[PDB]
Structures are given as C-alpha cells and as structure tokens.
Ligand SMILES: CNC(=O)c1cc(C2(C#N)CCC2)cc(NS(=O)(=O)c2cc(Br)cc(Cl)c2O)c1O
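In the form solved without this ligand, a lone chain appears below as structure tokens.
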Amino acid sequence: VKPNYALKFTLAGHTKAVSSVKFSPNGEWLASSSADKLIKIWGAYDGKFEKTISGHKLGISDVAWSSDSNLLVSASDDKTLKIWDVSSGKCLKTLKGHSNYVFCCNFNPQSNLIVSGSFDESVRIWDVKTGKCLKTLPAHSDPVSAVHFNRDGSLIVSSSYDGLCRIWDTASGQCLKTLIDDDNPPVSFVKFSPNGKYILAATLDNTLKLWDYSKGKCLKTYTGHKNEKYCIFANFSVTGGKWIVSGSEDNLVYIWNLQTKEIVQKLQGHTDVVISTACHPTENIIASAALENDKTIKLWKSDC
C-alpha cells in the first residue's frame, strides 16, 4: 500500500505567510492562521472560503480547535492568545500573561483548558471559561516550539529550541520526563500519537523521530525531507494507511510509511516552504500551507 494523494483545491486569500492549518474535530472546516494577523475558515471538503476572523495586533503563529468544533484559540506575536466563537466571530477572551511572542497552543480534549508556549520560554495553562492563567511552567531555556495534550488531558508535551522535549503533569505542573537526543538539536515540533503512547518530534537536523517517552527510547526515525530553519508541523495519518506526514523546506509535502520509514509519496505544487500540514479526522484528506512567496493552502485527497 502507498497512498495516492492528488491536489483538489488551492485556497488563496492570506496576504502574508500562512503559519498553521487545522481541521475541525467534526471534519467540516479548516482553520488557517497567518502572519497577516488573520484567521480564515474554509470548507474542509470543497475548500470554499467561509469567513475571516480578525483582532490580533500582530501575526499569528498557531490556531487550534475545541473538541466540539465551536471555538478556536490563536497564538500571536502580540503576546496574547485569543479564544474565538467561530460561528459568531466573537473574541470571547484575550489571554494575557506571556512576556513575549506566543508561538503554539492547544485545547485539552475536555476543552476546559488551553496550553500555550512562548518565546518567553514558558508553558502556560489557562482556564477557558474565565481566561485566567492557572499555571506558569518554567519549561525551557529557549523558545517553546510546540505544546500538546495527550488523549485524556492528563499530560502535556512541550518542545523547544533548547533541544528538549518535556512531559508535564497537567494537574500539578510537575515535569515528569525530559527526553534527551544526541547533540541536542533544536526541537521544532512535537505532538502525541492519536492513542497517546508515543510522541512524534521534529528536530532541525532534517529528522523526525517517534519516541516511547516513558521508556525514553527512539522507535523510528524519518528522513529525506529538508528541515533546518523553520518550525514545521508533522502528523500521524490514521484514516487509511498508517502514515507520517510533514512539510519541508524544499516546498514538498512528505509522506512516510510509519512502520517501515520509507517515503511513500512526495506532493508537489507549493512554491515556498511547506510550514504546516494537517490530516482530516475521518477522510483521507491532507491540508498543507506555505510561506510568504506562496501564501496558499492546498487540499489533497487519496483513496487510502
């Protein structure tokens, strides 16, 4: 089995670099954030432009959906996160506390908490209802590139340019694990596997690694792409074959067989760095997005 992802839609509208794309958990929508200070909403299946959500004062590095698909959270260079009601476009809360660019964010599965990571080297945990910061974790000694909750929300994983991935207990704020990788190259992205047993980490030595984070063992290594400068999203694709999906600094989307580590497809079409990819929750659809010289988002579909 290889997949046969083919380009179906190209989504144009952002006027600066796209930073993040994410499918809604209900599969209906794609949300995009950009250096143009905007969030856009698009139809997940047809790429149809839906609406623009605005209000940040500087560029946005990340956006993320609540579990019920009703809210977004965005992370901005203006040092804030904003919580958005997607249907009305309202800014429900502005989360203030970080002392530098907010880079990454996510809801927990219950979606009563938001985790954020910042250039201020901290990870912050927030109450969605009140907008109050509940915990500030002294997480890293360099900017925080990613933060993600596990499947039951009891753990947080963070990555940083300091070369570390750390595992945090959500309830206590305690650091439970530090993962150490030879020569400590900057970690540019991390997330949990859908089942929560592993983490997938990207490092700025053109490498993705799948870790058993409890045992602290590297189980798989994926290479062949280019990633030495930018924080590029990576994904588990689970709707068809079991793949790993990433952007790349050679303007391609890469797809690997998870088990064998072989490159099974490379998707051509973008004209600048592919900074973000996302995988649709029930259908074999990949969304990708590119930097300043391209500015477009692409929807690719496969039969497996």
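Numbers follow the displayed sequence, beginning with 1.
The same protein also exists as the form deposited with this ligand bound; that form is not shown, yet it is the one meant from here on.
Comparing 122-130, 215-223, 167-175, 108-116 against this ligand in the bound PDB entry, the single stretch with non-hydrogen atoms within 4.5 angstroms of it is 215-223. The partner is absent here; in the bound PDB entry, the one residue of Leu155, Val86, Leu210, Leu179 having a heavy atom within 4.5 Å of this ligand is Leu210. Here is the short version: of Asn251, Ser237, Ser66, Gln265, the single residue with a heavy atom within 4.5 Å of this ligand in the bound PDB entry is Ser237. A residue is said to contact a partner when one of its heavy atoms sits within 4.5 Å of a partner heavy atom; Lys242 meets this definition for this ligand in the bound PDB entry. This ligand is not drawn, but in the bound PDB entry it has a heavy atom within 4.5 Å of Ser193.
Though the partner is left out of this view, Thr271 does not reach within 4.5 Å of this ligand in the bound PDB entry, counting heavy atoms only.
At the 4.5 Å threshold, heavy atoms of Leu258 reach this ligand in the bound PDB entry.
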